[PDB]
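Undergrad: just need the structure, nothing else, for what follows:
(chains A and B, ligands or ions: 6)
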Protein chains: 2
Amino acid sequence: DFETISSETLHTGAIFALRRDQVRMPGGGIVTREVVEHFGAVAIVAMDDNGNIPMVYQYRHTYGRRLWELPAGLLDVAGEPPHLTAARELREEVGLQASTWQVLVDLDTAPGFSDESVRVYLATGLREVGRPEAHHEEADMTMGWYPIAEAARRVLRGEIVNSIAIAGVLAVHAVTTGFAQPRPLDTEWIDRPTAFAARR
Amino acid sequence: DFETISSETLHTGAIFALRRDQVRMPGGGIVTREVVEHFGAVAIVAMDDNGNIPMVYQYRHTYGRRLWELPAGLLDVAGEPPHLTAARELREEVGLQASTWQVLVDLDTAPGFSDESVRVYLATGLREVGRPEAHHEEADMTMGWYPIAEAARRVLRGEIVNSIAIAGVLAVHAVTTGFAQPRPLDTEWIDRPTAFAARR
Ligand SMILES: [Mn+2]
Ligand SMILES: [Mn+2]
Ligand SMILES: [Mn+2]
Ligand SMILES: [Mn+2]
Ligand SMILES: [Mn+2]
Ligand SMILES: [Mn+2]
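TA: Numbers count the residues shown, from 1 in each chain, chains lettered A, B, ... in the order given. Ligands and ions are numbered 1, 2, ... in the order given. Take a look:
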């Protein structure tokens, strides 16, 4: 079922495209299904030798306020491998470098209307290296180190609400409590976006 | 900082509006900040007397496949209280009724480009009641009961990727392991969307 009958691009912006598709429903009808094409992104849970991780306080215009989040960046560099996008962004945002990288959790942010998918890595064996000069939203953001457990409590207390940070924080929390294990970098990323990047 | 200089509506669809704002950055510059206005939504982690919860397998056109998710619905009923939207949708989607309702976790799905926020409730004291005749995506979706721990393992294994389901599953998992506690229904929902609903 669910066959796409027609695709019409309604808008192409800086980081996503708006597309309206006509989809055939179970009953036999046809409906509007609008999708927001997104580059996709990556985030990093950089855990240090004592179980602490870095988070950034970044202003989000969508909410008109700053949220506590994990270091993260868009896959807006055509051809750049995701784990490189991760390492690059970790260094730029929290000035860190890691000797070990594994896959923590992948999340599909808003399945209802966007194809954006985000891969969260767990970076260990941390090294403090230089951080570049930031621009825009990043020139305003700050950071703080949190024990994974407190970070986990912050989520359950509503102090952390960014879906990417929630997933990574609770996922690493499950790992540090011995409930689960990290995963190989070559783990399949089923829903990694391709549409918007494919546009150009 | 970050003052909105101008707002232009680019598109109004069935469930969200696309708006392009001009925002003043730290350096003194002005940039395009496109926001997707969304009704907002609610989800339910209905836990039974033995630690099991219901999940639905629903087709998501954005990804062209079915995902395992929590029962959930849009706040598309002007005036309907969120916890009522929750109870209504729980019954309609997994044919359940609960005598107890608390707040589990709130998540801001895609902070980068949308104001959508989702409140996940934890429903207990379950009762099996009738389920209506479904339409569209819902007429195709099925469901299955999962022990919270297995559901948690499914997340860490990439078998559950919907951000709402990840948050609720790992959040309730933290509660069942005695790490955290549920919260009162009157808990403040900081980022509950208002823009799109306010349009009409
Ligand atoms: Mn970033
Ligand atoms: Mn970037
Ligand atoms: Mn960045
Ligand atoms: Mn639903
Ligand atoms: Mn509904
Ligand atoms: Mn529904």
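
Undergrad: now the residue in chain A that ligand 6 sits nearest to: how far from residue B:11?
TA: Proximity of chain A to ligand 6 (C-beta to the ion) peaks at residue A:112, 11.0 Å away. (C-beta placed from N, C-alpha, C; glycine too.) When distance is defined by C-beta to C-beta, to the nearest Å, residue A:112 is 16 Å away from residue B:11.

Undergrad: and the strands in chain A?
TA: Listed in chain order, the strands found in chain A under DSSP state E are A:4-12, A:16-24, A:30-38, A:41-46, A:52-60, A:65-69, A:72-74, A:96-107, A:118-128, A:142-147.

Undergrad: how about the ones you listed, which one is nearest residue B:162?
TA: For residue B:162, the closest of those is strand A:96-107, at 7.7 Å, according to C-beta to C-beta.

Undergrad: and that closest one, how far from the chain's centre?
TA: Strand A:96-107 sits 12 Å away from the centroid of its parent chain (C-alpha atoms, centre = their mean, to the nearest Å).

Undergrad: by contact count, what packs against that strand?
TA: strand A:41-46, helix A:82-94, strand A:118-128, helix A:163-176, helix B:163-176 (3 or more C-beta pairs under 8 Å, 6 or more residues apart in numbering or on different chains; DSSP states H and E).

Undergrad: if we use 6 Å, what do you get?
TA: In terms of contacts (3 or more C-beta pairs under 6 Å, 6 or more residues apart in numbering or on different chains; DSSP states H and E), strand A:96-107 is packed against helix A:82-94, strand A:118-128, helix A:163-176.

Undergrad: quick one: these as JSON lines, columns for distance to residue B:190 too.
TA: Formatted as JSON lines, those follow (distance: least, C-beta to C-beta, whole Å):
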{"stretch": "helix A:82-94", "distance to residue B:190": "24"}
{"stretch": "strand A:118-128", "distance to residue B:190": "22"}
{"stretch": "helix A:163-176", "distance to residue B:190": "14"}
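
Undergrad: which residues does residue A:45 contact?
TA: A:53, A:70, A:104, A:122, A:168, A:172 (C-beta atoms under 6 Å, 6 or more residues apart in numbering or on different chains).

Undergrad: specify which member of those is nearest to ligand 1.
TA: Minimum distance to ligand 1 across the contacts of residue A:45 is 9.1 Å, recorded for residue A:70 (C-beta to the ion).

Undergrad: what sits against the closest one?
TA: Listed by C-beta under 6 Å, 6+ apart, the contact set of residue A:70 reads A:43, A:45, A:164-165, A:168.

Undergrad: how about a cut-off of 8 Å?
TA: A:43-45, A:53, A:55-56, A:120, A:162, A:164-165, A:168-169 (C-beta atoms under 8 Å, 6 or more residues apart in numbering or on different chains).

Undergrad: now rank these by neighbours and give me the top one.
TA: residue A:169 (32 neighbours; other C-beta atoms under 10 Å in any protein chain shown).

Undergrad: how close does that residue sit to residue B:133?
TA: Noted for residue A:169: a distance of 40 Å to residue B:133, by C-beta to C-beta.

Undergrad: for chain A, what lies in contact range of ligand 1?
TA: For chain A, the contact set with ligand 1 under C-beta under 5 Å from the ion comprises A:72-73.

Undergrad: quick revisit: deepest-packed of the strands of chain A, please.
TA: strand A:41-46 (a mean of 27; mean count of other C-beta atoms under 10 Å in any protein chain shown).

Undergrad: now find how far off-centre that one is within its chain.
TA: On C-alpha atoms, centre = their mean, the centre of strand A:41-46 falls 6 Å from that of its chain.

Undergrad: I figured residue A:137 hits residue A:59, correct?
TA: Yes. Between residue A:137 and residue A:59 there is a contact at 5.8 Å, judged by C-beta atoms under 8 Å.

Undergrad: does any bit of stretch A:135-148 sit next to chain B?
TA: Yes. Legend: contact between stretch A:135-148 and chain B by C-beta under 8 Å from any C-beta of the partner chain is shown at A:135-137, A:139-140.

Undergrad: among those residues, which ones are in helices?
TA: Of those, the ones assigned to helices by DSSP state H are A:137, A:139-140.

Undergrad: check the gap between the closest residue to residue A:71 other than its chain neighbours and residue A:35 for me.
TA: Leaving aside its chain neighbours, residue A:71 sits nearest to residue A:93 (4.1 Å; criterion: C-beta to C-beta, 6 or more residues apart in numbering or on different chains). Residue A:93 is 29 Å from residue A:35, where distance means C-beta to C-beta.

Undergrad: can you pull the contacts of residue A:163?
TA: Taking C-beta under 8 Å, 6+ apart, one finds A:107, A:109, B:107-111, B:163-164, B:166-167 in contact with residue A:163.

Undergrad: what's the answer for residue A:67, then?
TA: Contacts of residue A:67 (C-beta under 8 Å, 6+ apart): A:57-58, A:60, A:160-162, A:165, B:108, B:111.

Undergrad: which pair in those spans the largest distance?
TA: A:57 and B:108 (14.2 Å).

Undergrad: quick one: which two of the contacts of residue A:163 are the most distant?
TA: For these, the farthest-apart pair by C-beta to C-beta is B:111 and B:166; their separation is 15.6 Å.
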